[PDB]
């Protein structure tokens, strides 16, 4: 299987409707039941697949608290990873609310989506997991960047694992200028499983 094949598995695994209900029943102290809803929104010139993804508390599924655009593409031959997943904020997120439940003519078109891509938030390079590992793919935001790159302000980290049967483990955390955690779960990733 090629890196293009791997990227297609990752993008497929990220699409659909998912809940963290099982994890919330197992550890209610630390995790809520969150609904994730995602579907493809555009395709870039370089073959990159662009997914819209939103998260909502299960009791208010039409009021998402997070809205993102994710780009999934095979890692280039020079890099040693398999799949790159990068996330972006949206220019005017209200236009994208419940995107995946609206007809194509009443929601942003793929051309509009390309120009609605906002600030880059995360890049994760995923590797295919070894045989016998629980995951299919796993990766984290890079621990290092170019010299003189950090602007000294709040930053975020992300860990992503893709498991069998379209299960996604996602840990998004934000930190302040002194490396105190300011948002996101403290204990570990949210475990999203299909509805």
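Positions refer to the first chain, counted from 1.
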- Task: Look over 156-164 and 38-46 in the entry and identify the one with the greater average Cα temperature factor.
- Result: 38-46
- Task: Taking the mean of the C-alpha B-factors per stretch from the entry, tell me the winner out of 145-153 and 54-62.
- Result: 145-153
- Message: Highest recorded C-alpha temperature factor, please, choosing from 68, 169, 133, 26.
- Response: 133
- For residue 98, does the deposited CA B-factor place it in the lowest, middle or highest third of the chain? highest
- Item | Modelled-residue ranking by C-alpha temperature factor, third containing residue 85 | lowest
- Note on the structure: Chain thirds by Cα B factor, record data; residue 178 belongs to the highest
